[PDB]
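*Asks:* heads up, no residue letters with this:
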RNA sequence: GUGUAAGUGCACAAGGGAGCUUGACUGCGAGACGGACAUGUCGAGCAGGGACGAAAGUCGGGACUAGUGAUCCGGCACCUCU
RNA sequence: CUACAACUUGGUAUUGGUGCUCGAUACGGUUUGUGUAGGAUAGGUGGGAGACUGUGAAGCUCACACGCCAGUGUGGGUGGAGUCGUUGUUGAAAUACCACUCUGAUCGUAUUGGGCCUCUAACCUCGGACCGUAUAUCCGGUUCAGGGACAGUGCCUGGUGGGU
RNA sequence: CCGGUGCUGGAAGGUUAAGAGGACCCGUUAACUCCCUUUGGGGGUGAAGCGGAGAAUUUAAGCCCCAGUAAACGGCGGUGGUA
RNA sequence: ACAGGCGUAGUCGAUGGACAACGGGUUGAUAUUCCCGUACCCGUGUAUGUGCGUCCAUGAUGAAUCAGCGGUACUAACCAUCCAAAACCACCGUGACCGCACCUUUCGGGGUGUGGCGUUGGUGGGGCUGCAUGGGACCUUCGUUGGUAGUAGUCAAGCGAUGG
RNA sequence: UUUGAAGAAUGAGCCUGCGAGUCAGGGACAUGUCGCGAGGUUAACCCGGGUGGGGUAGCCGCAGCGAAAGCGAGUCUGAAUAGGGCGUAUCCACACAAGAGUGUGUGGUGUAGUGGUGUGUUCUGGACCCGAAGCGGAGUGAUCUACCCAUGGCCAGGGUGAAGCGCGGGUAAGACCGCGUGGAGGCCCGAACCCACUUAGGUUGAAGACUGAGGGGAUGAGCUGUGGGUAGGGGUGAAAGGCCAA
RNA sequence: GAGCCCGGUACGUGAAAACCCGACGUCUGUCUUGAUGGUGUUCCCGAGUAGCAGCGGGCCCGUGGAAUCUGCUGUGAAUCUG
RNA sequence: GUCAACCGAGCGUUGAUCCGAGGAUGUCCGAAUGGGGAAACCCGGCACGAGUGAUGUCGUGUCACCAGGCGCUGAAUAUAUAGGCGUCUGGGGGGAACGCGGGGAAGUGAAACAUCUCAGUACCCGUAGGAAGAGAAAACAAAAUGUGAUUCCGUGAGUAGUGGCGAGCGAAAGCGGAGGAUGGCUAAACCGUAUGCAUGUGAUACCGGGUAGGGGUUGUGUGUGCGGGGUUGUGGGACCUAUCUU
């Protein structure tokens, strides 16, 4: 399995490397963790490796970082870009978690995980202003104040 | 069997042998297994009945692709 | 006595002995026997190329009859067939 | 007699990581070429007129060892300019520098493999707990704990086989 | 009574499938060197490649082999002479 | 392979469990079934009245605090223990090692007891730094009570499980 | 049908009716007949109210020998015209050679097959007709009988008198002994009931496996009822190769 | 035993409604913003597939020298000098 | 109506009886479908309506199962999912043969028999249709300057061949014919697109050059769904780039 590493591993090398390894290793251990990527294309593999490396470096957190993000979760109003019909007051399409987290990227700063976003508690597809909360800690969770771009 | 799911590599029915024949089949099964996988899209673990061949197909083709191809066939996965 | 059972024959020797020696060949074969059929048996004579012999002539295994097994399927050498 | 079920053996896909040990393959410096003339195991071989030394050498005792035990090269260290130039003998010349590199024994580097001690992430759990579930010794899902690349299944293969 | 057959155990050996290997050869031919009448036909070497049947070697169980086992199937003899 | 095989929820299934009627008379034929008489078990209406509690509120409970007495006790830090960081003195068969007289083929190699730094090495005790332990408290504080705050709320006609 | 049957070898009660060499197919071979004649004939199909017209793709003949290349009234083998094999419709007339059996070269006479149909035999198909035991596939069946499950019921009557318990003797205490109670038992005699040992009868039966008189068990490894389950190379079997709808 | 009795035939007639054929006009698209040819090189021409090996089926073909077509496993390529 | 008469009572020129096409009603079982069930018979729910002094009763409807679409929720558990609730459309079974894909015997013949044959037949399964399936060359052929989708019929051919070279099986090419549509539609390179998982030259790039505001038609990636372009064999096509430019 020709794949491009993302992190450092025993007897393979370091991040960014290119290795031909055993198929099952790459099948079961690395590739389903987001720790590697198939080598199918030059620029496709290059871009994926670069972006995945940046995101893996930037995704980390600790318990105390959660205790601090529990305070920093009361950010300013992070707005969301929308294409919908304002005719009746219903939205065409549901809006991603990437969109919310990239809005936080370009307004507040923290580039969080789409996973922990309680978007279900947002209940998008009703035109208004949805609240939000996120599994920051085991026990501690803080809240964000939000608004929507009228369509 | 429960039948394959990604390709449709069903059985077959052989027959005779060497050392004088005797006429007599022996199904040539396919090699299905019970490997599981993970759908990052919908956040879920799926178990399938897939041959090693089909695993090959997956790892050089994706899983989303495969479930869409199976949705076509409307297998009750 | 005849290599080996028995018979028919062998002294005119097919018995015994000595010298050369490879016909213990190739290509054929008139006419005949015996014959359910397939098998089986002899066969003069012609040609090349030889043996022996001075020559005539004899030699296509053994004095004769037994000593072995069809067809199919494969194997080896040679062919100016495909 | 021939064959089949069932059982069983091994190879292979599922099916991987590190460590050790035992093989041969190739990139690599290496041990090592007893024919008399005679320092004489004369590495055969193509340029070929100095020979590497001094970015520290003879003869050397000793760390070493083979051994065709006459002999062979190797290193702490003195030594501080020593054997040597066709040394001359020859099919053939140095064993001077340089080198395509073979009959060799050793050993680094990619490997190709196996066996053994293990980790877990595939896989298995009629082990537990919770949920779907109000009822469910079913089934599924999450999780804990455990086993573990073994087992199970598929394909090829050898064997026993009146069980049929 | 452990020889015969079977069961259990243990491999120092011998035979031992598949698979991994792929030496050496045989087909084909890019390219040459002679033969000949001439309007190139017939001979030899014949690179790599593609193919053919392929050995050497490494190969487990089993079998042969070594012991145990009969409230396991099973088996248990004769002649002669002397008071 | 497909046909189909099993099977949980559940649903059917008495040969059993629970559940309210006995005697006499009658026709040409039925009879605990109709008739005569006396009884019983479900439900359902109308009305009668004895006690009824919701509204009134009649009695009877808790929340839980600001906090006071003494005490788990990040704990600033305290009462007793050893071992070994660097380690202190005494001594003992010392890798190379500096080296009394002699065995020893007549000698280049095979050594010994005392002798000296080193102390790859060995035993003993004492100023000893790191160590955690049980005991008593201080911060946090958890245990015992005065106001309170059984005040606003709360239980009290009934039927009451498809649950125990 | 038998060497041989009036045959005491088989078959037939009698009548009436029914009941066994057939058809397909350009099939094969042989032979009659008809058309054509070195030629013969079409198939599918198209057109046709009909049985008729067309349709040249094909087949059979017209030259064979040889494994084959290949050659050709010759060819194959072989070194060979040197013999032979096969073939050259057959006869006829003249020659030359031998009478080892006749051959060889000329001349003329000139070659007859094919398509319909009929008959006989024949090939493939059930192939003159009737007749098995038994093989395979898919299903039906445990209401009889074999066994198991779930739930109820039945076993008159009379005897024997285990364990235990009590009293008494005995004991140092026991063990032990006697009297009583208790009333167990794959216990006993005997009806119902379940079986079926002997024997007689029946034996074109009352009966497609019974009756009469006797007999075994008869509180248990019981008999039975209602409902249910196991199904064919499979079930079930206190096991006989027994039972699974006479 | 019927041409001339009857029923009916040869022949010609007949459908308010439903059904089927086409026929139309609706309705629907669809090319119209276009084409013929030129010219030198990069890119594409249907991937777990075709191919090869191991067991097998069926093809005139019974594993045979055995193509083409294929089923299960295992391995596994290129895009037109393919 | 009739076997099938008898009796009684009636209707009909105002057009009956009779025939044809469409409608209505259409008890109960049956795929059977509210639940259940020994088939045609037992019990119910919900909305409405009729009815009783109230209950009982009665009538009209509707309630199964799965597959898909849409809608609400997203349990363990965070994303979120399986699942749950509502609505909408389908399927469900029967059939005489005919078809396609799959499975798949045996008696028979071989004078035995296993390979073979009987036969890939019978039978079984899954799905159809009025017909099915196949079908446009990764084909045949042999140097002929050929053919040109497929299928079904005739012949080739009982041949070449295959085969315990035994029984027996057995083509195709080619040729003549029926019918003709020598038929069409897509993917990919390449653009324009909505996007969706990612990131940030955070800039000399997103476009027709150029005169240029911005300061990103997101800057660059990558698959997804839509739209263009493209459908070939003597190769074509998309980029490119001239020419006439209906």
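*Replies:* Received, thanks. Numbering: from 1, shown residues only, chains lettered A, B, ... in the order given.
*Asks:* can we go C-alpha only for contacts and neighbour counts from here?
*Replies:* Noted.
*Asks:* In contact with the closest residue to RNA strand H within chain A, which residues?
*Replies:* Nearest to RNA strand H, among the residues of chain A, is residue A:1, at 8.8 Å (CA to the nearest atom of the strand). With contact set as CA atoms under 8 Å, 6 or more residues apart in numbering or on different chains, residue A:1 has these partners: A:20-23, A:26, A:38.
*Asks:* Ok, residue B:12 next?
*Replies:* B:27-29.
*Asks:* In JSON lines, list those along with secondary structure, neighbour count and distance to residue A:118.
*Replies:* Listed next are these as JSON lines, based on DSSP: H, G, I helix; E, B strand; the rest coil; neighbours: other CA atoms under 10 Å in any protein chain shown; distance: CA to CA, whole Å:
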{"residue": "B:27", "secondary structure": "coil", "neighbour count": "11", "distance to residue A:118": "52"}
{"residue": "B:28", "secondary structure": "coil", "neighbour count": "11", "distance to residue A:118": "50"}
{"residue": "B:29", "secondary structure": "coil", "neighbour count": "12", "distance to residue A:118": "47"}
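*Asks:* ok, and of these, which contact RNA strand D?
*Replies:* B:27-29 (CA under 7 Å from any atom of the strand).
*Asks:* what's the helix or strand for the residue of chain A found nearest RNA strand F?
*Replies:* Closest to RNA strand F within chain A is residue A:64: 16.6 Å, counting by CA to the nearest atom of the strand. Residue A:64 is part of helix A:63-72 when elements are defined by DSSP states H and E.
*Asks:* centre of the chain versus the next helix-or-strand element following that helix, how much separation?
*Replies:* Where DSSP H and E defines the elements, the next helix or strand beyond helix A:63-72 is helix A:97-107. Once both centres are worked out by CA atoms, centre = their mean, to the nearest Å, helix A:97-107 turns out to sit 9 Å from its chain's centre.
*Asks:* got the contact list for the next helix or strand after helix A:97-107?
*Replies:* Helices and strands here follow DSSP H and E; after helix A:97-107, the next one along the chain is strand A:132-133. For strand A:132-133, contacts defined as CA under 8 Å, 6+ apart pick out A:117-119, A:121-122, A:141-146.
*Asks:* do you know how far residue B:66 is from residue B:54?
*Replies:* 10 Å (CA to CA, to the nearest Å).
*Asks:* joint contacts of those two?
*Replies:* residue B:6.
*Asks:* Who has more neighbours out of those two?
*Replies:* residue B:54 (20 against 17; other CA atoms under 10 Å in any protein chain shown).
*Asks:* Then the more buried one would be within a helix, right?
*Replies:* Yes - assessed with DSSP: H, G, I helix; E, B strand; the rest coil, residue B:54 lies in a helix.
*Asks:* can you pull the contacts of residue 70?
*Replies:* Assuming you mean chain A. A:136, A:140-142.
*Asks:* right idea, wrong chain: chain B
*Replies:* Here residue B:70 is in contact with B:5-6 (CA under 8 Å, 6+ apart).
*Asks:* try 7 Å this time
*Replies:* residue B:6 (CA atoms under 7 Å, 6 or more residues apart in numbering or on different chains).
*Asks:* Off-centre distance for the helix or strand hosting it?
*Replies:* Assigned by DSSP H and E, residue B:70 belongs to helix B:64-73. Centre-to-centre, helix B:64-73 and its host chain are 14 Å apart (CA atoms, centre = their mean).
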